[PDB]
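Data block for structure.txt (compact mmCIF, N, CA, C and O atoms):
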# COMPACT_ATOMS: atom_id res chain seq x y z
N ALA A 1053 -1.12 -13.09 77.19
CA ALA A 1053 -0.86 -14.27 77.99
C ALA A 1053 -0.52 -15.48 77.14
O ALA A 1053 0.19 -16.37 77.61
N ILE A 1054 -1.01 -15.56 75.90
CA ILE A 1054 -0.65 -16.72 75.08
C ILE A 1054 0.77 -16.58 74.53
O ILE A 1054 1.56 -17.52 74.58
N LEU A 1055 1.12 -15.40 74.03
CA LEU A 1055 2.34 -15.23 73.24
C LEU A 1055 3.62 -15.08 74.04
O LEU A 1055 4.67 -14.85 73.43
N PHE A 1056 3.60 -15.17 75.37
CA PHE A 1056 4.82 -15.06 76.18
C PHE A 1056 4.75 -16.01 77.35
O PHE A 1056 4.43 -15.62 78.48
N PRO A 1057 5.06 -17.30 77.13
CA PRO A 1057 4.87 -18.29 78.19
C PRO A 1057 5.87 -18.22 79.33
O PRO A 1057 5.45 -18.19 80.50
N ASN A 1058 7.17 -18.15 79.06
CA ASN A 1058 8.19 -18.16 80.10
C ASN A 1058 8.62 -16.72 80.35
O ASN A 1058 9.40 -16.16 79.57
N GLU A 1059 8.02 -16.10 81.36
CA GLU A 1059 8.39 -14.72 81.74
C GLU A 1059 8.32 -14.68 83.26
O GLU A 1059 7.22 -14.52 83.79
N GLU A 1060 9.46 -14.78 83.93
CA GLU A 1060 9.42 -14.88 85.41
C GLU A 1060 8.81 -13.60 85.98
O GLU A 1060 8.84 -12.58 85.28
N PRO A 1061 8.25 -13.62 87.20
CA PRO A 1061 7.55 -12.45 87.71
C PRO A 1061 8.52 -11.27 87.61
O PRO A 1061 9.63 -11.39 88.07
N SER A 1062 8.05 -10.18 87.02
CA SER A 1062 8.97 -9.03 86.81
C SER A 1062 8.23 -7.70 86.87
O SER A 1062 7.06 -7.66 86.45
N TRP A 1063 8.91 -6.66 87.32
CA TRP A 1063 8.30 -5.30 87.30
C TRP A 1063 8.15 -4.96 85.82
O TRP A 1063 7.35 -4.08 85.49
N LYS A 1064 8.93 -5.63 84.98
CA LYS A 1064 8.84 -5.43 83.51
C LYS A 1064 7.45 -5.86 83.03
O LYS A 1064 6.89 -5.18 82.15
N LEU A 1065 6.90 -6.93 83.54
CA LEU A 1065 5.57 -7.32 83.14
C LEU A 1065 4.68 -6.17 83.50
O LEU A 1065 3.86 -5.73 82.69
N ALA A 1066 4.85 -5.65 84.72
CA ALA A 1066 4.00 -4.53 85.18
C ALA A 1066 4.12 -3.34 84.22
O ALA A 1066 3.11 -2.67 83.99
N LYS A 1067 5.33 -3.07 83.74
CA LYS A 1067 5.51 -1.95 82.78
C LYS A 1067 4.70 -2.27 81.52
O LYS A 1067 4.00 -1.37 81.03
N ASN A 1068 4.75 -3.52 81.06
CA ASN A 1068 3.93 -3.91 79.89
C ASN A 1068 2.47 -3.70 80.29
O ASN A 1068 1.70 -3.21 79.45
N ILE A 1069 2.12 -4.03 81.53
CA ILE A 1069 0.71 -3.91 82.01
C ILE A 1069 0.29 -2.44 81.93
O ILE A 1069 -0.83 -2.16 81.47
N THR A 1109 3.53 -21.64 71.45
CA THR A 1109 2.61 -22.66 71.94
C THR A 1109 1.22 -22.41 71.35
O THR A 1109 0.35 -21.84 72.02
N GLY A 1110 1.02 -22.83 70.11
CA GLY A 1110 -0.28 -22.75 69.48
C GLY A 1110 -0.82 -21.36 69.26
O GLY A 1110 -1.95 -21.07 69.67
N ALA A 1111 -0.06 -20.48 68.62
CA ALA A 1111 -0.41 -19.07 68.54
C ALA A 1111 -1.55 -18.77 67.57
O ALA A 1111 -1.93 -17.60 67.45
N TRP A 1112 -2.11 -19.77 66.89
CA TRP A 1112 -3.07 -19.50 65.84
C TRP A 1112 -4.45 -19.10 66.36
O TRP A 1112 -5.29 -18.67 65.57
N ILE A 1113 -4.70 -19.24 67.66
CA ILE A 1113 -5.90 -18.64 68.25
C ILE A 1113 -5.75 -17.13 68.35
O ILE A 1113 -6.75 -16.40 68.30
N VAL A 1114 -4.50 -16.64 68.42
CA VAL A 1114 -4.25 -15.20 68.58
C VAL A 1114 -4.77 -14.33 67.44
O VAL A 1114 -5.31 -13.25 67.73
N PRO A 1115 -4.66 -14.70 66.14
CA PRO A 1115 -5.28 -13.83 65.12
C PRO A 1115 -6.79 -13.71 65.21
O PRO A 1115 -7.29 -12.58 65.22
N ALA A 1116 -7.51 -14.83 65.31
CA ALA A 1116 -8.97 -14.83 65.26
C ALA A 1116 -9.58 -14.00 66.39
O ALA A 1116 -10.32 -13.05 66.14
N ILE A 1117 -9.17 -14.27 67.63
CA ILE A 1117 -9.71 -13.50 68.74
C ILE A 1117 -9.10 -12.11 68.84
O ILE A 1117 -9.46 -11.35 69.75
N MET A 1118 -8.18 -11.74 67.95
CA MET A 1118 -7.88 -10.32 67.83
C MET A 1118 -8.97 -9.62 67.04
O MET A 1118 -9.49 -8.59 67.48
N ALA A 1119 -9.38 -10.23 65.92
CA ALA A 1119 -10.24 -9.54 64.95
C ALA A 1119 -11.63 -9.28 65.53
O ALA A 1119 -12.18 -8.19 65.35
N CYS A 1120 -12.17 -10.26 66.26
CA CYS A 1120 -13.46 -10.10 66.92
C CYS A 1120 -13.45 -8.96 67.93
O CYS A 1120 -14.47 -8.29 68.12
N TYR A 1121 -12.28 -8.70 68.55
CA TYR A 1121 -12.13 -7.53 69.41
C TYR A 1121 -12.44 -6.25 68.66
O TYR A 1121 -13.23 -5.43 69.14
N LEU A 1122 -11.87 -6.10 67.45
CA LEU A 1122 -12.19 -4.93 66.64
C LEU A 1122 -13.66 -4.92 66.26
O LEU A 1122 -14.30 -3.86 66.25
N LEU A 1123 -14.23 -6.11 66.07
CA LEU A 1123 -15.65 -6.23 65.74
C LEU A 1123 -16.54 -5.80 66.90
O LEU A 1123 -17.69 -5.43 66.67
N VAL A 1124 -16.02 -5.81 68.13
CA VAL A 1124 -16.80 -5.26 69.23
C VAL A 1124 -16.17 -4.00 69.78
O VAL A 1124 -16.57 -3.51 70.84
N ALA A 1125 -15.17 -3.44 69.10
CA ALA A 1125 -14.66 -2.15 69.55
C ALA A 1125 -15.04 -1.04 68.58
O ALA A 1125 -15.67 -0.06 68.97
N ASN A 1126 -14.68 -1.19 67.31
CA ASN A 1126 -14.89 -0.13 66.34
C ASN A 1126 -16.18 -0.29 65.56
O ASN A 1126 -16.38 0.43 64.57
N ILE A 1127 -17.06 -1.21 65.96
CA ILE A 1127 -18.31 -1.42 65.23
C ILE A 1127 -19.51 -1.22 66.14
O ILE A 1127 -20.41 -0.43 65.83
N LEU A 1128 -19.54 -1.91 67.28
CA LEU A 1128 -20.73 -1.94 68.12
C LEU A 1128 -20.77 -0.78 69.12
O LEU A 1128 -21.79 -0.10 69.22
N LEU A 1129 -19.92 -0.46 69.90
CA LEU A 1129 -20.07 0.61 70.88
C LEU A 1129 -19.90 1.99 70.27
O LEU A 1129 -20.51 2.96 70.73
N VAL A 1130 -18.90 2.06 69.23
CA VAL A 1130 -18.78 3.38 68.62
C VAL A 1130 -20.12 3.81 68.01
O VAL A 1130 -20.56 4.95 68.17
N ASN A 1131 -20.80 2.87 67.34
CA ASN A 1131 -22.10 3.19 66.77
C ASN A 1131 -23.19 3.27 67.84
O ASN A 1131 -24.24 3.87 67.58
N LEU A 1132 -22.96 2.70 69.02
CA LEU A 1132 -23.85 2.96 70.14
C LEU A 1132 -23.61 4.36 70.71
O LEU A 1132 -24.57 5.03 71.10
N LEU A 1133 -22.35 4.80 70.73
CA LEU A 1133 -22.03 6.14 71.20
C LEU A 1133 -22.60 7.21 70.27
O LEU A 1133 -23.10 8.24 70.73
N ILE A 1134 -22.54 6.96 68.96
CA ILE A 1134 -23.11 7.91 68.00
C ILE A 1134 -24.63 7.96 68.14
O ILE A 1134 -25.23 9.04 68.05
N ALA A 1135 -25.26 6.82 68.44
CA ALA A 1135 -26.70 6.81 68.61
C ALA A 1135 -27.12 7.51 69.90
O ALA A 1135 -28.16 8.18 69.94
N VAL A 1136 -26.29 7.45 70.93
CA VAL A 1136 -26.64 8.08 72.21
C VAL A 1136 -26.10 9.48 72.36
O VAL A 1136 -26.18 10.06 73.44
N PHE A 1137 -25.53 10.04 71.30
CA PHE A 1137 -25.08 11.43 71.34
C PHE A 1137 -25.80 12.14 70.22
O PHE A 1137 -25.39 13.20 69.78
N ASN A 1138 -26.85 11.37 69.69
CA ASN A 1138 -27.64 11.98 68.67
C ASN A 1138 -29.05 12.11 69.19
O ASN A 1138 -29.72 13.09 68.90
N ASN A 1139 -29.56 11.27 69.97
CA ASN A 1139 -30.91 11.38 70.53
C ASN A 1139 -30.86 11.90 71.95
O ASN A 1139 -31.69 11.56 72.77
N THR A 1140 -29.80 12.60 72.30
CA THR A 1140 -29.75 13.35 73.54
C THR A 1140 -29.61 14.85 73.30
O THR A 1140 -29.63 15.62 74.27
N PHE A 1141 -29.49 15.27 72.04
CA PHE A 1141 -29.22 16.66 71.72
C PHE A 1141 -30.46 17.53 71.92
O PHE A 1141 -30.34 18.69 72.33
N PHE A 1142 -31.65 16.97 71.66
CA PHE A 1142 -32.88 17.75 71.62
C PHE A 1142 -33.32 18.23 73.00
O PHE A 1142 -34.20 19.10 73.08
N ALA B 1053 7.24 20.14 74.63
CA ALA B 1053 8.03 20.84 75.63
C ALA B 1053 8.73 19.89 76.58
O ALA B 1053 9.78 20.24 77.12
N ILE B 1054 8.19 18.69 76.82
CA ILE B 1054 8.90 17.77 77.71
C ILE B 1054 10.08 17.12 77.00
O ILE B 1054 11.19 17.04 77.54
N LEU B 1055 9.88 16.66 75.76
CA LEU B 1055 10.84 15.78 75.10
C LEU B 1055 12.03 16.49 74.46
O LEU B 1055 12.84 15.81 73.81
N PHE B 1056 12.19 17.81 74.59
CA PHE B 1056 13.34 18.51 74.01
C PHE B 1056 13.77 19.63 74.95
O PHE B 1056 13.43 20.80 74.74
N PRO B 1057 14.54 19.30 75.99
CA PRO B 1057 14.87 20.31 77.00
C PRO B 1057 15.87 21.37 76.56
O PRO B 1057 15.60 22.56 76.73
N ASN B 1058 17.00 20.99 75.97
CA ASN B 1058 18.04 21.94 75.59
C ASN B 1058 17.88 22.24 74.11
O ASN B 1058 18.29 21.45 73.26
N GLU B 1059 17.19 23.34 73.81
CA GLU B 1059 17.02 23.78 72.40
C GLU B 1059 17.09 25.29 72.43
O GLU B 1059 16.08 25.92 72.75
N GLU B 1060 18.23 25.86 72.08
CA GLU B 1060 18.39 27.32 72.23
C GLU B 1060 17.39 28.02 71.32
O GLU B 1060 16.93 27.39 70.35
N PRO B 1061 17.00 29.29 71.59
CA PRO B 1061 15.95 29.93 70.81
C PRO B 1061 16.35 29.82 69.35
O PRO B 1061 17.45 30.18 69.02
N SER B 1062 15.43 29.34 68.52
CA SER B 1062 15.79 29.13 67.10
C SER B 1062 14.59 29.33 66.18
O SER B 1062 13.47 29.02 66.60
N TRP B 1063 14.83 29.80 64.96
CA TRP B 1063 13.74 29.91 63.97
C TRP B 1063 13.31 28.47 63.68
O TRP B 1063 12.20 28.27 63.19
N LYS B 1064 14.21 27.53 63.95
CA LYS B 1064 13.89 26.09 63.77
C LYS B 1064 12.75 25.70 64.71
O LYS B 1064 11.88 24.92 64.29
N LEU B 1065 12.74 26.19 65.93
CA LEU B 1065 11.64 25.87 66.81
C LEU B 1065 10.40 26.37 66.12
O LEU B 1065 9.40 25.67 66.03
N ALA B 1066 10.48 27.61 65.61
CA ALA B 1066 9.30 28.20 64.94
C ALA B 1066 8.84 27.32 63.78
O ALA B 1066 7.63 27.21 63.57
N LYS B 1067 9.78 26.76 63.03
CA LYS B 1067 9.40 25.86 61.91
C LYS B 1067 8.67 24.65 62.50
O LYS B 1067 7.62 24.28 61.95
N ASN B 1068 9.16 24.12 63.61
CA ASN B 1068 8.45 22.99 64.27
C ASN B 1068 7.08 23.52 64.68
O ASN B 1068 6.09 22.78 64.51
N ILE B 1069 7.01 24.77 65.15
CA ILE B 1069 5.73 25.36 65.62
C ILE B 1069 4.75 25.42 64.45
O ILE B 1069 3.57 25.07 64.63
N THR B 1109 14.30 13.50 80.44
CA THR B 1109 13.92 14.00 81.75
C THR B 1109 12.50 13.55 82.07
O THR B 1109 11.55 14.32 81.91
N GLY B 1110 12.36 12.30 82.51
CA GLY B 1110 11.07 11.78 82.94
C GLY B 1110 10.00 11.70 81.88
O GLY B 1110 8.90 12.22 82.08
N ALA B 1111 10.28 11.05 80.75
CA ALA B 1111 9.39 11.10 79.60
C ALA B 1111 8.14 10.25 79.76
O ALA B 1111 7.31 10.24 78.85
N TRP B 1112 7.96 9.55 80.88
CA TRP B 1112 6.86 8.60 81.00
C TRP B 1112 5.50 9.26 81.20
O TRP B 1112 4.48 8.57 81.13
N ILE B 1113 5.46 10.57 81.46
CA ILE B 1113 4.19 11.29 81.42
C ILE B 1113 3.74 11.48 79.97
O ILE B 1113 2.53 11.56 79.71
N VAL B 1114 4.69 11.47 79.03
CA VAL B 1114 4.35 11.70 77.62
C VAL B 1114 3.42 10.67 77.00
O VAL B 1114 2.52 11.07 76.24
N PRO B 1115 3.53 9.34 77.26
CA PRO B 1115 2.52 8.43 76.69
C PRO B 1115 1.10 8.65 77.19
O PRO B 1115 0.20 8.78 76.35
N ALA B 1116 0.91 8.75 78.51
CA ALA B 1116 -0.43 8.81 79.09
C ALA B 1116 -1.20 10.04 78.61
O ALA B 1116 -2.29 9.91 78.03
N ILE B 1117 -0.60 11.22 78.73
CA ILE B 1117 -1.29 12.42 78.26
C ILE B 1117 -1.27 12.56 76.75
O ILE B 1117 -1.81 13.54 76.22
N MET B 1118 -0.67 11.62 76.02
CA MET B 1118 -0.98 11.57 74.60
C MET B 1118 -2.33 10.92 74.38
O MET B 1118 -3.17 11.46 73.65
N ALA B 1119 -2.58 9.79 75.07
CA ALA B 1119 -3.73 8.95 74.76
C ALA B 1119 -5.04 9.65 75.10
O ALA B 1119 -6.00 9.59 74.31
N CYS B 1120 -5.07 10.37 76.23
CA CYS B 1120 -6.25 11.14 76.62
C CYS B 1120 -6.58 12.21 75.60
O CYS B 1120 -7.77 12.53 75.40
N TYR B 1121 -5.56 12.75 74.91
CA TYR B 1121 -5.81 13.67 73.80
C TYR B 1121 -6.67 13.03 72.73
O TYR B 1121 -7.67 13.62 72.31
N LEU B 1122 -6.34 11.79 72.33
CA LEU B 1122 -7.17 11.08 71.37
C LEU B 1122 -8.56 10.82 71.94
O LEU B 1122 -9.56 10.94 71.23
N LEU B 1123 -8.63 10.61 73.26
CA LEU B 1123 -9.90 10.39 73.93
C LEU B 1123 -10.76 11.64 73.93
O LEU B 1123 -11.99 11.54 74.05
N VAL B 1124 -10.17 12.82 73.76
CA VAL B 1124 -10.98 14.02 73.60
C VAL B 1124 -10.86 14.60 72.20
O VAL B 1124 -11.31 15.71 71.94
N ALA B 1125 -10.23 13.87 71.27
CA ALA B 1125 -10.24 14.36 69.90
C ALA B 1125 -11.13 13.50 69.01
O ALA B 1125 -12.06 14.00 68.38
N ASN B 1126 -10.87 12.20 68.97
CA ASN B 1126 -11.58 11.31 68.06
C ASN B 1126 -12.78 10.63 68.71
O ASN B 1126 -13.35 9.71 68.11
N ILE B 1127 -13.17 11.04 69.91
CA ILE B 1127 -14.29 10.41 70.60
C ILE B 1127 -15.38 11.43 70.91
O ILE B 1127 -16.54 11.24 70.55
N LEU B 1128 -15.01 12.52 71.59
CA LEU B 1128 -16.00 13.46 72.12
C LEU B 1128 -16.40 14.52 71.10
O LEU B 1128 -17.59 14.75 70.89
N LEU B 1129 -15.68 15.25 70.48
CA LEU B 1129 -16.14 16.31 69.59
C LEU B 1129 -16.59 15.78 68.24
O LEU B 1129 -17.49 16.34 67.62
N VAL B 1130 -15.82 14.66 67.75
CA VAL B 1130 -16.30 14.12 66.48
C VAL B 1130 -17.75 13.66 66.61
O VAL B 1130 -18.59 13.92 65.75
N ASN B 1131 -18.07 12.99 67.72
CA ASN B 1131 -19.44 12.55 67.95
C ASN B 1131 -20.35 13.71 68.33
O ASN B 1131 -21.57 13.58 68.21
N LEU B 1132 -19.80 14.83 68.80
CA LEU B 1132 -20.60 16.03 68.94
C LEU B 1132 -20.88 16.66 67.59
O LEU B 1132 -21.98 17.18 67.36
N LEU B 1133 -19.90 16.61 66.67
CA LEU B 1133 -20.10 17.14 65.33
C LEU B 1133 -21.13 16.33 64.56
O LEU B 1133 -21.96 16.89 63.83
N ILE B 1134 -21.12 15.00 64.72
CA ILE B 1134 -22.11 14.16 64.07
C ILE B 1134 -23.50 14.42 64.63
O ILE B 1134 -24.49 14.45 63.89
N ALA B 1135 -23.59 14.70 65.93
CA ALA B 1135 -24.89 15.00 66.54
C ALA B 1135 -25.42 16.36 66.10
O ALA B 1135 -26.62 16.52 65.90
N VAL B 1136 -24.53 17.31 65.84
CA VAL B 1136 -24.97 18.64 65.44
C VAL B 1136 -25.02 18.84 63.94
O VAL B 1136 -25.22 19.96 63.48
N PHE B 1137 -24.83 17.77 63.18
CA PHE B 1137 -24.98 17.87 61.72
C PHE B 1137 -26.03 16.86 61.34
O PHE B 1137 -26.12 16.45 60.19
N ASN B 1138 -26.73 16.37 62.45
CA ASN B 1138 -27.80 15.46 62.19
C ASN B 1138 -29.09 16.10 62.65
O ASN B 1138 -30.11 15.93 62.01
N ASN B 1139 -29.13 16.86 63.64
CA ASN B 1139 -30.35 17.54 64.10
C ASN B 1139 -30.37 18.98 63.64
O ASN B 1139 -30.90 19.84 64.31
N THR B 1140 -29.65 19.28 62.58
CA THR B 1140 -29.78 20.56 61.90
C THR B 1140 -30.27 20.41 60.47
O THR B 1140 -30.50 21.42 59.80
N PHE B 1141 -30.45 19.18 60.01
CA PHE B 1141 -30.80 18.92 58.62
C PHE B 1141 -32.25 19.27 58.33
O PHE B 1141 -32.56 19.75 57.23
N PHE B 1142 -33.14 19.08 59.31
CA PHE B 1142 -34.57 19.20 59.10
C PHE B 1142 -35.03 20.63 58.87
O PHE B 1142 -36.17 20.84 58.43
Any chance you could give the structure as structure tokens?
Amino acid sequence: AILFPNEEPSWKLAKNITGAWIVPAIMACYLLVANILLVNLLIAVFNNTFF
Amino acid sequence: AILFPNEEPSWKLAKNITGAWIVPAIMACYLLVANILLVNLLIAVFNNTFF
């Protein structure tokens, strides 16, 4: 939503479905809560359910 | 098999051994049952066998 301001309503948006420097930082924290916290929660909950 | 319709029988197919939009979706679910479910099953079964 930040990186494409002028995009008239389009079925193209559906197919996909100004200050860009917020975009790097809040990308990285996503990885910090995707490949760090739940994956290691999934490993913890597929290890103490085996017994 | 979807992405190469006209390929006459060939030893080339062996060396490798129309509506393409099904191809992305059923690719991703493959990763969802390759790098998510069995890898974490392998970690669970190489952790409660050590003792």
Could you superpose chain A on chain B by least squares over every Cα, matched in sequence order, and send it back as a short mmCIF file (atom, residue, chain, number, x, y, z; two decimals) with N, CA, C and O atoms, keeping the file's coordinate frame?
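As written to disk, selection-v6.cif reads:
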data_model
loop_
_atom_site.label_atom_id
_atom_site.label_comp_id
_atom_site.auth_asym_id
_atom_site.auth_seq_id
_atom_site.Cartn_x
_atom_site.Cartn_y
_atom_site.Cartn_z
N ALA A 1053 7.24 20.14 74.64
CA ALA A 1053 8.03 20.84 75.63
C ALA A 1053 8.73 19.89 76.58
O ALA A 1053 9.78 20.24 77.12
N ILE A 1054 8.19 18.69 76.82
CA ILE A 1054 8.90 17.77 77.71
C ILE A 1054 10.08 17.11 77.00
O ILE A 1054 11.18 17.04 77.54
N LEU A 1055 9.88 16.66 75.77
CA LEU A 1055 10.84 15.79 75.10
C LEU A 1055 12.03 16.49 74.47
O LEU A 1055 12.83 15.81 73.82
N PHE A 1056 12.18 17.80 74.59
CA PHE A 1056 13.33 18.52 74.02
C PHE A 1056 13.77 19.63 74.94
O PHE A 1056 13.44 20.80 74.74
N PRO A 1057 14.54 19.30 75.99
CA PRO A 1057 14.87 20.31 77.00
C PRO A 1057 15.87 21.36 76.56
O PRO A 1057 15.60 22.56 76.73
N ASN A 1058 17.00 20.99 75.97
CA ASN A 1058 18.04 21.94 75.59
C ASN A 1058 17.88 22.24 74.11
O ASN A 1058 18.29 21.44 73.26
N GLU A 1059 17.19 23.34 73.81
CA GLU A 1059 17.02 23.77 72.40
C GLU A 1059 17.09 25.29 72.43
O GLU A 1059 16.08 25.92 72.74
N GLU A 1060 18.24 25.86 72.08
CA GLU A 1060 18.39 27.33 72.23
C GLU A 1060 17.38 28.03 71.32
O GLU A 1060 16.93 27.39 70.35
N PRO A 1061 17.00 29.28 71.59
CA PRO A 1061 15.95 29.92 70.82
C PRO A 1061 16.35 29.82 69.34
O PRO A 1061 17.46 30.18 69.02
N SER A 1062 15.43 29.34 68.52
CA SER A 1062 15.79 29.13 67.09
C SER A 1062 14.59 29.33 66.18
O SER A 1062 13.46 29.02 66.60
N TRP A 1063 14.84 29.79 64.96
CA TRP A 1063 13.74 29.91 63.96
C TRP A 1063 13.32 28.47 63.68
O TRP A 1063 12.20 28.27 63.19
N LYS A 1064 14.21 27.53 63.95
CA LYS A 1064 13.90 26.09 63.77
C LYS A 1064 12.75 25.70 64.71
O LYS A 1064 11.88 24.91 64.29
N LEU A 1065 12.73 26.18 65.93
CA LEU A 1065 11.63 25.87 66.81
C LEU A 1065 10.40 26.37 66.12
O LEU A 1065 9.40 25.66 66.03
N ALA A 1066 10.47 27.61 65.61
CA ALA A 1066 9.30 28.21 64.94
C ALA A 1066 8.83 27.32 63.78
O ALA A 1066 7.62 27.21 63.57
N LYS A 1067 9.78 26.76 63.03
CA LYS A 1067 9.40 25.86 61.91
C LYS A 1067 8.66 24.65 62.50
O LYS A 1067 7.62 24.28 61.95
N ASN A 1068 9.16 24.11 63.61
CA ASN A 1068 8.45 22.99 64.27
C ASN A 1068 7.08 23.52 64.68
O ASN A 1068 6.09 22.78 64.52
N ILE A 1069 7.01 24.76 65.15
CA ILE A 1069 5.73 25.37 65.62
C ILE A 1069 4.75 25.41 64.44
O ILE A 1069 3.57 25.07 64.63
N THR A 1109 14.30 13.50 80.44
CA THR A 1109 13.92 14.00 81.75
C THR A 1109 12.50 13.54 82.07
O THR A 1109 11.54 14.32 81.92
N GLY A 1110 12.36 12.30 82.50
CA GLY A 1110 11.08 11.79 82.94
C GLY A 1110 10.01 11.70 81.88
O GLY A 1110 8.90 12.22 82.08
N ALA A 1111 10.28 11.06 80.75
CA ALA A 1111 9.39 11.10 79.60
C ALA A 1111 8.14 10.24 79.76
O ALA A 1111 7.31 10.23 78.84
N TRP A 1112 7.96 9.55 80.89
CA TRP A 1112 6.87 8.60 81.00
C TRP A 1112 5.50 9.26 81.21
O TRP A 1112 4.48 8.57 81.13
N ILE A 1113 5.46 10.57 81.47
CA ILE A 1113 4.19 11.29 81.42
C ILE A 1113 3.73 11.47 79.98
O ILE A 1113 2.53 11.55 79.71
N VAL A 1114 4.68 11.47 79.03
CA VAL A 1114 4.35 11.70 77.61
C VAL A 1114 3.42 10.67 77.00
O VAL A 1114 2.52 11.07 76.24
N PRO A 1115 3.53 9.34 77.26
CA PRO A 1115 2.52 8.43 76.69
C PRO A 1115 1.10 8.65 77.19
O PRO A 1115 0.20 8.78 76.36
N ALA A 1116 0.90 8.74 78.51
CA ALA A 1116 -0.43 8.81 79.09
C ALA A 1116 -1.21 10.04 78.61
O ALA A 1116 -2.28 9.91 78.03
N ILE A 1117 -0.60 11.22 78.72
CA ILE A 1117 -1.28 12.42 78.26
C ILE A 1117 -1.27 12.56 76.75
O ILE A 1117 -1.81 13.54 76.22
N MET A 1118 -0.67 11.62 76.02
CA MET A 1118 -0.98 11.57 74.59
C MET A 1118 -2.33 10.92 74.37
O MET A 1118 -3.17 11.46 73.65
N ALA A 1119 -2.57 9.80 75.07
CA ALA A 1119 -3.73 8.95 74.76
C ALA A 1119 -5.04 9.66 75.10
O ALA A 1119 -6.00 9.59 74.32
N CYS A 1120 -5.07 10.36 76.23
CA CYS A 1120 -6.24 11.14 76.62
C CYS A 1120 -6.59 12.21 75.60
O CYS A 1120 -7.76 12.53 75.40
N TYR A 1121 -5.56 12.75 74.91
CA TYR A 1121 -5.80 13.67 73.80
C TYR A 1121 -6.67 13.03 72.73
O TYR A 1121 -7.67 13.62 72.31
N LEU A 1122 -6.34 11.79 72.33
CA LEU A 1122 -7.18 11.08 71.37
C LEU A 1122 -8.56 10.83 71.95
O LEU A 1122 -9.57 10.94 71.24
N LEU A 1123 -8.62 10.61 73.26
CA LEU A 1123 -9.90 10.39 73.93
C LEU A 1123 -10.77 11.65 73.93
O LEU A 1123 -11.99 11.54 74.05
N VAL A 1124 -10.17 12.83 73.76
CA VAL A 1124 -10.98 14.02 73.60
C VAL A 1124 -10.86 14.59 72.21
O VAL A 1124 -11.31 15.71 71.95
N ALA A 1125 -10.24 13.87 71.27
CA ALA A 1125 -10.24 14.36 69.90
C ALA A 1125 -11.13 13.50 69.01
O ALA A 1125 -12.06 14.00 68.38
N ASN A 1126 -10.87 12.19 68.97
CA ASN A 1126 -11.58 11.31 68.06
C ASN A 1126 -12.77 10.64 68.71
O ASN A 1126 -13.34 9.71 68.11
N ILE A 1127 -13.17 11.05 69.92
CA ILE A 1127 -14.30 10.41 70.60
C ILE A 1127 -15.38 11.43 70.92
O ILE A 1127 -16.55 11.25 70.55
N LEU A 1128 -15.02 12.52 71.59
CA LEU A 1128 -16.00 13.45 72.12
C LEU A 1128 -16.40 14.52 71.10
O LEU A 1128 -17.59 14.75 70.89
N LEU A 1129 -15.67 15.25 70.48
CA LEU A 1129 -16.14 16.31 69.59
C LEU A 1129 -16.60 15.77 68.24
O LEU A 1129 -17.49 16.34 67.61
N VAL A 1130 -15.82 14.66 67.75
CA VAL A 1130 -16.30 14.13 66.48
C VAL A 1130 -17.75 13.66 66.61
O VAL A 1130 -18.59 13.93 65.75
N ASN A 1131 -18.07 12.99 67.73
CA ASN A 1131 -19.44 12.55 67.95
C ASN A 1131 -20.35 13.71 68.34
O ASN A 1131 -21.58 13.58 68.21
N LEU A 1132 -19.80 14.83 68.80
CA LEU A 1132 -20.60 16.03 68.95
C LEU A 1132 -20.88 16.67 67.58
O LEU A 1132 -21.98 17.18 67.37
N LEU A 1133 -19.90 16.61 66.67
CA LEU A 1133 -20.10 17.14 65.33
C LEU A 1133 -21.14 16.33 64.56
O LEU A 1133 -21.96 16.89 63.83
N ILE A 1134 -21.12 15.01 64.73
CA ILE A 1134 -22.11 14.16 64.07
C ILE A 1134 -23.51 14.43 64.64
O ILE A 1134 -24.49 14.46 63.89
N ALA A 1135 -23.59 14.70 65.94
CA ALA A 1135 -24.89 14.99 66.54
C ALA A 1135 -25.42 16.35 66.10
O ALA A 1135 -26.63 16.52 65.90
N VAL A 1136 -24.53 17.31 65.84
CA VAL A 1136 -24.97 18.65 65.44
C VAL A 1136 -25.02 18.84 63.95
O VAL A 1136 -25.22 19.96 63.47
N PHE A 1137 -24.84 17.78 63.18
CA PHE A 1137 -24.98 17.87 61.72
C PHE A 1137 -26.03 16.86 61.34
O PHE A 1137 -26.12 16.45 60.19
N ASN A 1138 -26.73 16.37 62.45
CA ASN A 1138 -27.80 15.46 62.19
C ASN A 1138 -29.08 16.10 62.65
O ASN A 1138 -30.11 15.93 62.02
N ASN A 1139 -29.13 16.87 63.64
CA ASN A 1139 -30.35 17.54 64.10
C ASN A 1139 -30.37 18.98 63.64
O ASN A 1139 -30.91 19.85 64.31
N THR A 1140 -29.65 19.29 62.58
CA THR A 1140 -29.77 20.56 61.91
C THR A 1140 -30.27 20.41 60.47
O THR A 1140 -30.50 21.43 59.80
N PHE A 1141 -30.46 19.17 60.01
CA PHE A 1141 -30.80 18.92 58.62
C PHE A 1141 -32.25 19.28 58.33
O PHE A 1141 -32.57 19.75 57.23
N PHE A 1142 -33.14 19.08 59.31
CA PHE A 1142 -34.58 19.19 59.10
C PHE A 1142 -35.03 20.63 58.87
O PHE A 1142 -36.17 20.84 58.43
#
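Separating CA of residue 1111 in chain B from CA of residue 1055 in chain B is a distance of 6.7 Å.
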*Proximal residues of chain B relative to chain A (all atoms listed in the file; 6 Å) as a list in words*: residues 1131, 1132, 1134, 1135 and 1136 of chain B
*residue 1112 in chain B: which residues within 12 Å, counting only C-alpha atoms, same-chain residues fewer than 3 positions away excluded, as a list in words?*
residues 1067 of chain A; 1054, 1055, 1109, 1115, 1116, 1117 and 1118 of chain B
_Please identify the helix (DSSP H, G or I) residues within chain B (assignment by DSSP from backbone atoms) and present them as a PyMOL selection string._
chain B and resi 1063-1068+1113-1123+1128-1135
_d(atom O of residue 1126 in chain A, atom N of residue 1123 in chain B) in Å_ = 15.5 Å
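Relative to CA of residue 1114 in chain A, CA of residue 1053 in chain A is found at 10.0 Å.
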